[PDB]
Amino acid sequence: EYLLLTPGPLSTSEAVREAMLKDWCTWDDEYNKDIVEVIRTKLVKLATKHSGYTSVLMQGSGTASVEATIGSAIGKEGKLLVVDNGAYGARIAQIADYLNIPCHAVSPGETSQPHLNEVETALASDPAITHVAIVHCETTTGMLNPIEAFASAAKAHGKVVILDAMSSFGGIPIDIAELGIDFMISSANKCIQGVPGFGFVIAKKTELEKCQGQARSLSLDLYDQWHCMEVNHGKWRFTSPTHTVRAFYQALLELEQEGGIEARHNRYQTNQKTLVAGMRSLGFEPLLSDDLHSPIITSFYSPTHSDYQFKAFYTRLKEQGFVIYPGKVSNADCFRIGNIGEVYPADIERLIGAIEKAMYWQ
């Protein structure tokens, strides 16, 4: 009925949704070994071509996996350095605050990438820092953060690197071992194109082993969760969203079928550039300069025409089969358009026609 131009939950394929039509026993080998362990094996290979990495799946929103990571990896004497250049960086700082973890935020503003010099200064002047966290694609704006240089600075300073790759993993090629990422967090329902229900963490085994007995939550105990999947071959300590896990197994088959992350990245990148060019031709202005754009989601300034109203514009697009997204920038009047999920170049072209017809104020 509608194409969801969101950062996820998004428009999944018919086969991803159809995979949810079977019930599973959570104590059954058919689920744990043949579904869960297969997902786990595939996820590590998607994240890195190197050895020494492992995966852990965690029930709940992606925030629950970010929180499981922060609350399990950081010891009682630990201190986090976070890049806060949007709502998901601010949420990482908010998690640290809830868990009574000292936190230093480097805040370049929501329309700017962090200055490496600023990160370097924080790392050199604050020896108490033990962990660094960064958001790969800052979904608030669709900004692509410079994770390589940031992780390189962090590792040269002997810190543990946490990457929030919620809106990037599966859509932007990365090798987390090569980048020096210790814990990479991502979603079931963004670039992998599964359905919501759980998140996951791909971690350096040695760094994940340090999490033992450190967790601030039972549900979000990362080592305990991983240990059970290890010893009990896929077994989730507590009930898992079985149907959504089976839908994710299907999403992984479709990602391979598409040609992997490299091919998915090309489709997304093409959709996003075609979208930006189309929007500009209609007079829309992107929030960010093109060099900062991710190929995932794009924020645009709201038109300044006095009759412009997001809800009326949103409604007119929905009537044409497109669901766009609200803006998330505190100091700007803006909207977002995602281009992930069942979004192909033909859809972007149809969307550009739909935006034009939706421009009732023109």
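Numbering starts at 1 and runs along the sequence shown.
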{"property": "Mean Cα B-factor comparison, 86-94 or 113-121, giving the higher one as deposited", "result": "113-121"}
{"property": "102-110 set against 233-241, stretch whose average Cα temperature factor tops the other in the entry", "result": "102-110"}
{"property": "Deposited CA B-factor, highest of 192, 166, 228, 81", "result": "81"}
{"property": "219, 186, 250, 152, ranked by C-alpha B-factor: the highest one", "result": "152"}
{"property": "For residue 17, the third of its chain into which the C-alpha B factor falls", "result": "lowest"}
{"property": "Cα B factor band for residue 274 (lowest, middle or highest third within the chain)", "result": "highest"}
{"property": "Cα B factor band for residue 257 (lowest, middle or highest third within the chain)", "result": "highest"}
{"property": "Within-chain third of residue 3 by Cα B-factor, per the entry", "result": "middle"}
{"property": "Entry-reported Cα temperature factor of residue 325, expressed as the chain third it lands in", "result": "lowest"}
